[PDB]
Each structure stands twice: as C-alpha cells, then as structure tokens.
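Presented below is the structure to which this report refers.
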Amino acid sequence: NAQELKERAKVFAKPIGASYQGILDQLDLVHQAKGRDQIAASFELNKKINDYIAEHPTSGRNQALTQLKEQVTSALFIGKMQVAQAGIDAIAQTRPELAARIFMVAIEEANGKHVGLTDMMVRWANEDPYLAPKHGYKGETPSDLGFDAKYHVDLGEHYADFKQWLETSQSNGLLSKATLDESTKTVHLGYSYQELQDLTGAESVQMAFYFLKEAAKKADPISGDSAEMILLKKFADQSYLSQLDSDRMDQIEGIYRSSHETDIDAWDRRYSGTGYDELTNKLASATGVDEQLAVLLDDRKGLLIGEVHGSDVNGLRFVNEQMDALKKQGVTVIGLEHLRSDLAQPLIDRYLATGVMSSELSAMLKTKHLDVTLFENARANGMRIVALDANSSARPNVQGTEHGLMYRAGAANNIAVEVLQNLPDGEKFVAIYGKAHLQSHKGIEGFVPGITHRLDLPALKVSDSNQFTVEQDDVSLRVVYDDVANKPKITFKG
Amino acid sequence: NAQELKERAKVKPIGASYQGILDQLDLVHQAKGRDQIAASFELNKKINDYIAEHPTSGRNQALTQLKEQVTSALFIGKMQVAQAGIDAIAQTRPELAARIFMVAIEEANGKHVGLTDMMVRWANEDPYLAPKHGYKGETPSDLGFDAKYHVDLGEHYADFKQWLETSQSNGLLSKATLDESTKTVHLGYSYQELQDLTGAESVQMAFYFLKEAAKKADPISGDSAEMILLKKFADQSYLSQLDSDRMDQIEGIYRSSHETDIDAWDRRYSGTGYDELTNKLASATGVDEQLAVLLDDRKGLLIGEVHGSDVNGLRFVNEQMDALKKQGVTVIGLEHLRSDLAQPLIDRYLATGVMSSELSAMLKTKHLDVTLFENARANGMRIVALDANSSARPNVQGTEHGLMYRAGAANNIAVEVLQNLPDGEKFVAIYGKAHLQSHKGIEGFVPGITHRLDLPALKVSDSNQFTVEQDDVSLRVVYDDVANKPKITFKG
Ligand SMILES: [Cl-]
C-alpha cells in the first residue's frame with residue numbers, strides 16, 4: 001500500500017507527467033494526514049485520478065490507478081457506509097471538501113445519530129446553486145490590504161467608470177473596504193454581492209455596483225450565469241468561497257436539528273385554537289394599546305409581529321410610534337429581518353453608542369425604507385436594534401422546484417432565533433418579521449418550524465388602529481413538498 | 001549696475017547663498033505681474049540673510065547697492081510712505097508683503113484710504129499671519145486629495161493608527177493616508193475641520209494623539225497645539241491658501257465697514273421705523289401673521305442666539321417649517337456648520353438621501369438636531385452654512401482685536417452666501433446675537449449682518465413671537481487701543 005507505487009514509478013518507461021507525479025504527492029499526504037483531513041485528501045486523490053484517466057484514456061498507468069481508486073473508495077465506505085457511497089462519491093469527484101464534510105456526518109449517522117441528515121445534505125449539495133462547482137479568482141492576491149477580500153474582479157474597460165463611482169463613494173464614506181490596482185485594472189472588494197445590493201440606496205454605490213455587474217456579464221456571456229454567479233464562479237476569493245460553502249451547510253445542518261428538536265406539540269398546547277393561554281379572547285377583551293402588550297408579554301420572552309411584504313408596514317410603524325408604550329412592559333430590544341447582521345449590526349452598535357450614523361448604515365436604511373427616526377428614538381430611549389438576518393439566508397433558485405423557499409425560511413429563522421435567545425437575561429424583545437416565517441413552512445426533511453415555535457411565542461399581527469391579533473399557525477404547511485416524496489433516500493441500518 | 005553682478009563674482013567659487021541671489025535676480029526679470037513683486041521681496045530677503053550670516057565679505061557692498069535699487073524700484077514717490085511697514089513684513093515673509101503692496105499701489109492713487117495701514121498692522125498683529133515654514137520635504141502626488149498636514153508621530157503612531165482605522169471603518173477621516181516607513185500621516189483635513197468632527201469618538205481620539213505628537217515635537221516653544229501644526233507640519237499649499245484667505249477677510253471687512261449704507265438702515269429699522277414695525281408684531285399675534293409682515297418686500301429674516309442655553313432659533317425653524325414655506329422661504333441659514341467641508345456633504349444628503357458619516361458627526365458635534373435635516377429634505381428645502389475656517393478667531397495679546405476679526409470675517413461668509421441665492425427665494429438664518437448688531441472695529445466699525453442685508457435683528461421666544469432687538473449704538477466705534485497711532489496715509 002505505502003511501499004507499492006514508489007519503486008514502480010522510478011522505472012522510467014516514460015518521463016513522469018506533472019499531474020501524475022502530483023498523484024504520488026497527494027498519496028503521501030493521505031498516509032501522513034490524520035482525522036477528517038485524511039478523508040478530505042482521500043476524495044481529492046480520487047479527483048486527481050479521474051482527471052488523469054479522463055485526460056489520458058489509454059495509458060499504462062490507468063490499470064494501477066483504477067486499483068488505487070478502488071482501494072481508496074473501498075477503504076472509506078465500509079459496511080453501513082456503503083449506502084451513501086454513490087451520493088457522496090458523485091459530489092467528491094468535483095467538490096472533495098464538501099463531500100468530506102458530508103462523509104463525517106455519515107459516520108455519525110451510521111451510529112444511530114441524526115437520521116436522514118446525510119440524504120438531505122447529499123440532495124442539497126447538487127440542488128443548491130451556491131454549492132455548485134466553482135474556482136473563482138486563483139492568483140497572487142495582495143496581503144497588505146486592511147480588510148479581508150471577497151472578490152478580485154478584473155473590470156477591463158469598465159475600470160474607468162467604476163473608478164469614478166468608487167472614488168465618489170469612498171469620498172462620502174461608502175464602500176470603504178475596496179482598493180484598486182490600475183496595473184491589472186482589478187478591484188479588491190470586501191463586500192458580498194448581497195451587501196452591495198443593500199447599499200444600493202446611495203446613487204454612488206448603485207452606479208459602482210452597476211459597472212461591477214456589467215464587467216462580470218461581459219467577461220462570461222457564453223454561460224447562462226447571472227451577474228451574481230459570474231462573480232462567485234470566476235472572480236471570488238478562495239477564502240470567501242471556502243467559508244460560503246461552510247455557511248450554507250451550517251444552515252442546512254442547522255435547519256435539520258431545528259426541525260427535529262423543536263417541541264411543536266407544546267406550542268399547539270399553548271397557542272392553538274384550543275390553547276391553554278386562551279390568548280385569542282384575552283387581548284380582544286382587554287381594550288387599549290398598553291393593556292394588550294401586558295397580556296402579550298407576561299411570562300413571555302417577548303413578542304413577534306407579522307409583516308405582509310405586499311404593503312403592510314404596521315410592524316415597523318407600531319415599534320417606532322408606540323416605543324414608549326413598549327418600554328413600559330420592559331422591552332429593550334427591537335428585531336428586524338430588513339437588515340443583515342453581517343455588516344449592519346456593528347454599524348448599529350456603534351451608532352447607538354456614539355450617536356454618529358455611519359454612511360453605510362444610512363445607505364442601508366434608505367434601501368430597506370427604514371426611517372431614521374426609528375434609530376433616533378431607539379437611541380434616545382436607550383434601546384437595542386438587532387438584525388435578525390444574515391447573508392447566509394440568501395434564497396437560492398432550485399430549478400423546476402419550490403425548494404428555494406424552504407432554505408430562505410429555515411436559514412433566516414436560525415439566524416433570527418440565534419440572536420433572540422442569546423440576549424441578556426431580563427431584556428425582552430419586539431421583533432418584526434415576515435408572516436411566512438412566523439407560521440410553519442414546508443421542508444425537505446420534516447418541516448421548517450416557524451420562528452414562533454422556536455421561541456415559544458405566538459404569531460401576532462397589528463392593525464392600523466394598534467390592535468393585536470393572534471394569527472393561528474397554518475397546520476397544512478407541516479409537510480414535505482410533493483416533489484420530495486419517497487424517492488431513493490440514503491438510510492443506514494443502525 | 002543691476003546686471004553687473006552676473007559676471008562680477010564669476011570672473012573664489014560662488015557659494016550656494018550668493019548663487020541663490022543670482023538665480024532669484026534672474027527670476028525677477030523673467031517673472032511678471034504680482035509674481036515679480038513677490039520675487040523682488042524674496043530677493044531682498046536672500047540679500048538680508050546673506051549679509052546677516054556673512055557680514056565680513058566683499059560681496060556685501062555689491063549686495064547693499066542691489067538692495068537699495070530693488071527697494072527704491074518698488075517704493076517710488078507717494079508709495080514711499082508704506083515702505084517702512086511693508087519692508088518689515090517683506091524680510092520675514094515676502095508673499096504676504098507682496099499682497100499688501102498691490103493693495104497699497106492703488107491706495108496711492110486714491111482708492112480705499114487706510115486699508116494699507118489696516119493690512120500692514122494686521123499682518124504682524126494676527127498670530128496666524130506669522131512666519132511659518134511648515135513641512136519641507138517630499139510631498140506624495142498620488143494621495144488623491146490636497147494634503148493640509150504632514151505630521152510625524154514619533155511614539156504616537158501606534159495609538160493614532162488605531163483610531164484612524166476605526167474612523168475610516170465608519171466612513172470618517174477618509175482623506176488621510178499613512179506612511180509606516182516615515183511614521184508620518186498625510187492628513188487631508190484642517191485643524192478646525194477635525195475640531196468640528198470631535199462629536200465622533202473615533203475622530204476625537206485620533207485628533208488628541210495628533211496634538212500630542214506636535215506638542216512633543218516642539219515642547220520648548222510656548223505655542224498651542226494648533227500653531228505647531230502650521231509652523232512645522234502644514235503643507236506649503238495649505239499655508240499659502242490660509243494666509244491668502246485671512247487677508248481676503250481683512251480686505252473684505254474694510255469694504256463692509258466703508259460701503260454699507262448704515263444711515264438708510266438705521267432710519268427705517270430703529271428710529272421711526274422701529275416704532276412702526278413693533279406695532280405689526282404686537283397687533284398681529286398669529287404665527288403666519290408675524291412672518292407675513294417680517295417678509296413684506298424683504299430678502300428674509302434673521303434670528304439671534306446665545307450659545308449659553310438659548311436654542312429657540314434652531315428649534316423654531318425645525319418645528320414651523322411649513323409655515324415659513326408659505327411666505328416664500330427655501331434656504332435655511334446656519335452659523336453652527338462651516339461651508340469648507342459641510343456644504344458639499346449637505347448638498348449630497350439633500351439630493352441622494354444618504355447622510356455622510358462626516359456630516360452626521362458634525363451635526364452631533366455642534367449639537368444640531370438631525371430631524372431638522374430630515375424635514376428639510378422632505379419639504380424640498382435647502383440648508384447652507386454661514387461660516388468657514390477663514391473666520392478663525394485669533395488670539396491677539398493685550399487687546400480685543402481678535403473679537404473684531406470673527407465678528408467681521410464670519411459676516412462676510414454669511415452675507416456673501418445669503419445674497420447669492422435664486423431670484424425670489426427668501427431665507428431664514430439663525431446666528432449669534434453679536435453678529436446681528438454692530439460691533440467695534442479697527443479701521444471703522446464692523447457692521448452686522450442686518451445692516452448689509454437690510455434686515456432687522458429678530459429673536460423668537462418660547463411662545464413663538466418675534467421681538468426686534470435694538471442695535472447697540474455704543475459699539476459703532478473704533479477701539480481706544482488702535483485710535484490715535486502711527487497711521488500710514490498717502491498723498492492726494
Ligand atoms: Cl481634495
């Protein structure tokens with residue numbers, strides 16, 4: 001095994017190829033590496049073998065390589081693990097890092113833990129466009145930058161116009177994390193595609209972002225890829241792509257456990273039509289704004305107000321107008337899905353502390369149509385404003401299905417619940433979120449429980465006259481999509 | 001024998017000092033306009049410095065004749081009266097003296113009597129116009145902005161870099177690049193601009209270490225942190241621009257104190273006019289009733305203020321803004337902000353909707369309400385700054401002529417901006433009480449903003465009612481200090 005292909009390679013029948021010699025070096029890495037690194041290098045070994053065999057269909061090496069690949073694949077998938085061999089190998093032949101992570105989850109699932117998680121990941125790995133094969137910009141990136149780069153775009157002839165709008169933005173405090181290079185006519189961005197989309201409120205960024213997209217689309221017109229995908233697949237930084245794949249799976253692996261560990265029975269026992277709190281007629285009977293808030297906050301962590309994206313703005317209105325009323329009940333936090341916690345959270349914390357609103361923050365507030373008065377009043381009353389969403393929740397477009405909505409629902413809820421549960425002891429919250437997230441939602445392995453089930457609170461909805469109404473959960477949505485059905489599911493026997 | 005020195009010393013080796021005089025002499029003949037005058041004073045400076053350092057050289061007599069010729073060539077006839085004054089300034093700083101000269105040339109003919117004495121005396125009296133070399137060295141041209149300072153932080157580079165990057169992360173202090181090689185900072189903001197951004201903790205700290213670096217760089221001299229930055233770290237371009245603007249203000253204050261028709265104003269705003277005007281606001285007690293008469297065939301109105309605790313001016317315009325729009329108000333004047341850096345940021349905010357991090361910082365620094373700007377943009381109103389760094393209050397030892405400067409220099413910024421507005425659009429400016437009424441001067445007396453714009457000095461109370469404040473006539477006089485001194489007057 002170890003001392004097999006060593007002496008045979010020395011017999012110079014033909015000069016050793018650069019790619020083939022690399023296979024021997026990759027094989028040395030497997031025997032030396034330990035833990036899951038060994039497994040990651042093992043899938044990489046088979047990937048290098050496929051590329052050699054495909055590029056050299058008829059060579060004397062092939063027979064030795066097929067035995068190696070057979071011996072490597074057989075060494076990884078043993079016994080119960082053979083059920084997930086076909087699915088993980090398929091992914092491993094392209095993304096060995098992603099396949100290696102699924103392999104670790106399979107080892108644990110083979111020992112009785114987290115049933116169906118491996119299938120969900122294997123199915124989602126090829127079903128999610130963000131986890132598709134991608135290399136990005138792989139060149140000599142600059143290390144002296146004052147920030148972590150996300151894109152290394154080459155604008156070509158668009159460099160002229162982009163520079164104008166980038167310099168105009170930086171002059172007004174916008175797009176700080178961005179440095180140019182006229183020698184190569186490339187830009188080194190420190191902002192995600194979604195982050196730049198959030199700053200579009202400012203004309204300066206809108207134009208800078210416009211030429212960035214046009215530069216990408218012009219650089220790859222043959223593929224149907226959109227402006228966003230071209231930047232990831234061809235101009236993204238290796239470190240950003242490495243974390244992006246990790247963050248996407250963190251949500252999937254997070255949506256799974258949320259869909260199985262949530263005590264949904266007790267939520268129905270408390271807030272259903274036949275709930276013991278009988279919250280439906282209590283807030284209806286009790287008149288006044290402050291009385292309704294009392295019943296909605298007694299013995300509770302906080303409250304969750306709905307928002308129909310069509311034209312409802314009562315959530316953001318009530319919290320801004322009736323902030324003093326809410327302060328009486330003891331709420332020192334205001335949650336919103338409108339802002340991303342990745343870039344907006346630190347800027348909000350700095351604003352509430354100092355009192356000076358940063359340019360990037362002011363830009364986000366115009367894009368998301370959030371009034372500046374909400375933040376002025378919040379800082380005055382001594383309150384927090386937390387972003388209950390992140391870039392991780394980016395809704396993908398699964399072709400021919402409705403699975404994209406499932407990810408958005410669960411991914412965003414994970415981020416929203418994570419922040420609300422880690423608040424200081426005693427401080428209650430008043431989060432405004434979409435109506436779709438407050439009630440149940442269809443999944444691909446059980447069903448995505450709404451943010452209400454997660455926090456043990458009811459789904460509320462404020463009227464134009466400040467009257468709270470309990471919105472019953474739609475039980476019909478507690479099922480998997482019809483396109484999931486009872487297809488070939490990777491299931492172990494232990 | 002003006003060009004005889006070209007081959008006298010040439011036909012021991014010529015030193016760099018004497019060669020500098022020869023090179024400077026050739027520059028005088030080649031240069032023209034005011035540059036020739038500036039080069040002439042610079043020539044006499046080199047001659048003075050050569051003789052002062054080499055008092056025992058055969059070239060002194062040759063250079064002494066050259067100094068006579070140049071000095072006698074500049075100050076001819078009636079112009080000789082301003083020789084002793086302008087020459088004293090010339091040996092220390094010729095560019096400043098060159099500007100005074102141009103003004104003095106035309107004064108000899110009859111225009112602006114006493115402006116030369118004002119400038120000549122203010123050149124030495126104003127600490128900002130003192131000699132200042134600034135930074136002598138390499139100036140990077142790829143900074144992307146006009147650098148105002150090139151401070152060298154010895155043991156404070158570590159702490160400054162911390163708050164600078166913390167500022168840039170929040171969109172503050174973008175125009176400032178570091179050089180770890182020399183441990184210097186190519187700062188693109190002025191001293192007052194950083195003071196106006198003190199509201200933000202990020203800047204305040206960086207501004208604190210910026211001073212400490214300067215204080216330790218020159219601890220022996222009893223100069224303030226600000227002056228040390230000018231005298232040893234300011235960019236040559238910024239120093240030339242600073243001295244220019246300071247003299248423009250003095251020259252601008254003279255015009256105001258001699259061209260403003262104070263009689264026409266005083267007759268219809270204080271004497272019979274006050275009694276008749278006071279009855280309008282007294283009788284008509286409505287909110288719109290008062291604004292109608294105060295804007296009756298007028299450019300606008302001016303509300304006074306006392307920085308102690310009175311903030312009715314800022315509070316009134318923010319609240320009843322719609323009421324002001326009915327009579328014809330559009331522009332909203334404001335002393336608190338300074339046009340130099342704030343005006344472009346305001347024009348952006350009102351247009352694009354996104355507030356600049358630096359603007360937001362300024363608003364908190366000057367304790368301005370943010371909703372004033374929000375309501376302005378929504379109602380389609382403009383906000384302009386009626387102040388600048390040009391009106392930098394100077395500390396003149398043993399006298400109160402420093403108060404005179406800001407009183408007049410600030411009004412020039414206010415008046416020039418308020419007058420140059422679209423035809424038909426009225427304005428509502430909030431300013432200090434001192435600036436609305438008359439103030440003491442050095443040549444004459446600095447007239448307030450009310451006299452120049454032909455408006456009254458109003459002051460809104462807590463119950464929203466305009467009360468006309470009488471102009472203090474006692475202040476319409478020159479200081480007892482400057483009066484009856486060596487006056488520099490020309491022949492008719
Ligand atoms: Cl500039």
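Miscellaneous remarks
- Distant-in-sequence amide contacts of B:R382, defined by a placed amide H-H separation under 5 Å and a gap of 5 or more residues or a different chain, comprise B:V331, B:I332.
- Proximal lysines to B:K12, defined as alpha-carbon separation beneath 28 angstrom and excluding residues fewer than eight positions away on the same chain: B:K45, B:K46, B:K67
- Under Karplus coefficients 6.51, -1.76 and 1.60, residue-wise ³J(HN,Hα) of the stretch B:425-433 in Hz, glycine/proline x: 6, 8, 9, 9, 9, 9, 8, x, 4
- Whole-number Å³ per residue for the convex hull built on Cα positions in the stretch A:53-116: 86 Å³
- Partners of B:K491 within straight-line reach, counting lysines whose Cα lies under 16 Å from its Cα and excluding those fewer than 8 residues away in the same chain: B:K78, B:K111.
- Taking Cα centre as origin and charging only the Cβ of basic (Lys, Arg, +1) and acidic (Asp, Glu, -1) residues, the dipole magnitude of the stretch B:117-204 rounds to 120 debye.
- Per-residue extension of 0.36 nm, minus the Cα-Cα distance of A:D25 and A:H56, leaves a gain of 9.3 nm for this segment.
- Global geometry of the stretch A:162-203, whether rounded, prolate or oblate, following the gyration tensor of its Cα atoms and the 1.5 cut on a/c: oblate
- Across chain B, the convex hull enclosing all Cα atoms gives 186 Å³ per residue.
- For the stretch B:373-492: rounded, prolate or oblate by the Cα gyration tensor [a/c cutoff 1.5]: prolate
- For A:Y276, A:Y20, the sequence from fewest to most other C-beta atoms within 10 Å is A:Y276, A:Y20.
- Projected over all directions and averaged, the alpha-carbon convex hull of the protein assembly as shown occupies 58.7 nm².
- Estimated dipole of the protein assembly as shown in Debye, rounded to 20 [Cβ of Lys and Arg +1, of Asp and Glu -1, Cα centre]: 1920 debye
- Backbone amide hydrogens, once placed in the peptide plane, bring B:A429 within less than 5 Å of B:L301, B:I303, B:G333, excluding anything fewer than 5 places away on its chain.
- Sorted fewest first by neighbouring Cβ atoms within 10 angstrom, B:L194, B:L239 come out as B:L239, B:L194.
- Computed from the Cα positions only, the extents of the stretch B:96-251 along the three principal axes stand at 58, 34, 32 Å, in decreasing order.
- Spin-label model distance (nm) - A:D148 vs B:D472, 7 Å beyond Cα toward Cβ: 6.1 nm
- A full extension of the chain between A:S226 and A:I16 corresponds to an added length of 71.5 nm, given 0.36 nm per residue minus the alpha carbon distance.
- Test item: A:347-354 mean partner chain Cβ contacts at 10 Å: 3
- In order through the stretch B:43-57: 3J(HN,Hα) via Karplus (6.51 cos²θ - 1.76 cosθ + 1.60), integer Hz, x for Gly, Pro: 5, 5, 5, 4, 5, 5, 5, 6, 5, 5, 8, 10, x, 10, 9
- Using the Karplus relation 6.51 cos²θ - 1.76 cosθ + 1.60 with θ = phi - 60°, the per-residue 3J(HN,Hα) values for the stretch B:389-395 come to 5, 4, 8, 6, 4, x, 8 Hz, with x marking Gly and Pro.
- Packing-based exposure ordering (other Cβ within 10 Å, fewest first) of B:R255, A:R454, A:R317, B:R476: B:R255, A:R317, B:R476, A:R454
- Above-threshold pairs, the threshold being 28 Å between Cα atoms, out of B:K175/B:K364; B:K211/B:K366; B:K459/B:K485; B:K325/B:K459; A:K138/A:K489; A:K185/B:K136: B:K459/B:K485; A:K138/A:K489; A:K185/B:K136
- 222 nm mean residue ellipticity, helices alone, for chain B (DSSP H n ≥ 4; -39,500 (n - 2.57); rounded to 500): -15500 deg cm²/dmol
- Peptide A:359-365 has a mean shielding of 6, counted as Cβ atoms of other protein chains within 10 Å of each residue's Cβ.
- Gap separating the Cα centres of the stretch A:174-201 and the stretch A:374-412, nearest whole Å: 22 Å
- Extension gain, A:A86 back to A:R257 (0.36 nm per residue minus Cα-Cα distance, nm): 59.1 nm
FYI the Cβ positions are ideal-geometry reconstructions off the backbone, even for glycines, and counts take in every protein chain you see. Every read-out reported here was derived from the displayed coordinates using simple, explicitly stated rules and does not represent laboratory data.
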